[PDB]
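The letters A, B, C, D and E name the chains in turn, as written, and every chain counts its residues from 1.
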Amino acid sequence: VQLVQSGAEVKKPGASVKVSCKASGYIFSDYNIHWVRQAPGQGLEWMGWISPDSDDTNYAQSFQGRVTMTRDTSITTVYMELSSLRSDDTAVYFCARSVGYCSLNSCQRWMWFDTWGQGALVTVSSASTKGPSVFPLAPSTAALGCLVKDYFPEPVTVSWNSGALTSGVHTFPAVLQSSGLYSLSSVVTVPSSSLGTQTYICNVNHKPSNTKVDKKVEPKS
Amino acid sequence: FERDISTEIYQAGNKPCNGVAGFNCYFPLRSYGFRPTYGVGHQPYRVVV
Amino acid sequence: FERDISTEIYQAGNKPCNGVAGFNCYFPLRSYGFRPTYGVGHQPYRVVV
Amino acid sequence: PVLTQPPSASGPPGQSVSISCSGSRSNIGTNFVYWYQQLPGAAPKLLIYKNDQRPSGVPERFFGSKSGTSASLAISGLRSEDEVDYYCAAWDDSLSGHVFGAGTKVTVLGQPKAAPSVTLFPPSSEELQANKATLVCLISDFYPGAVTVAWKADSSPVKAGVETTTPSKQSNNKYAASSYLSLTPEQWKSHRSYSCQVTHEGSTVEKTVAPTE
Amino acid sequence: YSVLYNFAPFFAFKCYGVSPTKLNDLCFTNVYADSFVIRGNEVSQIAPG
């Protein structure tokens, strides 16, 4: 079976998310679907369950006015609507297929989740959208990095000289600051046989902006 | 001709099972099983009096 | 409601074994042992019926 | 409320490790408990239901148990897949909703202590002609996380808008961190040298690079 | 059936058939008993059917 769903990007607080868990491999009239969120560090939180055949939705005692449900049959999907979001529950949402059909709250005695949907990275942030920017780094053999700062939306693909001459690529996590922007770095392990005679070119690719820049290294000793 | 809606666990031993069950006390409610792959004599009928 | 015992050597292949082992003449008795280091499920339970 | 769980009941491989899941009167003791298996950075899945039977594909080695108010799962021996988190959950009539666990992590009994590899990376002249100077200090090949990062500009310790990252997972099973600041060019020209204080476990490894190199 | 209660709480009292709480006056004709020790990972595998 498959529980595939789309991935919504970063959105400002005060709006509603839009993710649809597509149902396939089974009939959409007997399997109850469940929606949960998973914050890092702590455990899991339960939101509610949806009847597949009728609009019979029962909600938890945690969130009542924030969450509102609707369903459809011909497309065989589900609509998510979380009005007035707050930036305190940045978590990945999962759709879990549970065997068994029930309509009342007392049914939750022989209920379990067999398979769960894959990860859909969805969060809320106010960071502005920005195109990729490449800045060089002076070498100190000698090694140098590729500083990429203030790019949105994430992520970008690091293509060191378009794959023509690269070795020892590294990945770095994005730092957290009060501005909300994020940065990326890529340092390559290179020998001392090419320092000033051959110049290194670092290129990055960003899909939503469709723009590209380049750096100009000036090695000195 | 009487009605009974109880969720309290019915004890079946010696210790008072007010809210603890699993050792010697059983839950008085159980679920039905209605599969189309079952026999003809194990199919649900919607009966009305 | 019947009891049986396996003194003979089980035949898992094609080899004449009436007191000798081999790659197919497996003994039908496998060791368990009681050590106080296994898990609770691996710890033996006493079943009377 | 939430089910009480131990933080980390880790155990060495080769012998059985017992994990407990203690609840309340209404959280557990009247319903059936369930145990959920989740890979790190992936979706969870069910391990055992109703304390008696397991799904198809679930190995028999696994076992589940209950004690009236606490649930226990039994695993015998740890392997390359048994370094994963264990979640315990059930349902209650008090809140009329699902009650999920807190979180438990088990690990085998992994690199020993080592020396940091500090690289001093001055900014290029493209940043200086952009009227800025981003000073960075890149570190790799260290485990565990004990690098006491500090800032010393050889005139006065100044910290303002410091962007440093935690030691995260690398591609060579090591850790890496950095130190980012878009410093003004006059502040960098006013300081004769910049040496990032890299002190791991006491055995510090430091380096310095002249501005003219 | 007083020996069933004063020998500590039992881990797996789950069984299929007549409940022992109503066997006080239900006299029977023939009955047999037997016991064995098996791994606790298959103690739930001892059930009719």
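The definition used in the following text is that a residue touches a chain if its C-beta (ideal position, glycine included) is under 8 Å from a C-beta of that chain, and two chains touch if they have at least 3 such contacts.
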Central subunit by CA centre of mass proxy: D
Between chain A and chain D, centroid-to-centroid distance (C-alpha), Å: 19
Separation of chain C from chain D, taking each centre as the mean of its C-alpha atoms, in whole Å: 46
Geometric centre distance via CA averages, chain E-chain A, whole Å: 54
Cα-centroid distance, chain D relative to chain E, in whole angstrom: 48
Chain E: positions in contact with at least two other chains: 9, 11, 40-41
Where chain D touches two or more other chains at once, by residue number: 63, 65, 68
Interface hub residues of chain A, defined as touching at least two other chains: 109-110
In contact (per the touch rule at the top): chain pairs: A-B, A-D, B-D, B-E, C-D, C-E, D-E
Chain C-touching residues of chain D, taken from the complex the two chains share: 15-16, 18, 63, 65, 72, 74-76
Residues of chain C touching chain E in the complex: 32, 40-49
Chain B residues touching chain A - in the complex, by the definition given at the top: 7, 31
Residues of chain D touching chain A in the complex: 2, 31-32, 34, 36, 41-46, 49-50, 55, 87, 89, 91, 95-98, 100-103, 119-127, 134, 136, 138, 140, 161, 163-166, 168, 170-171, 176, 178, 180, 209, 212-213
Complex interface listing, chain E residues touching chain C: 11-12, 33-41, 43, 46
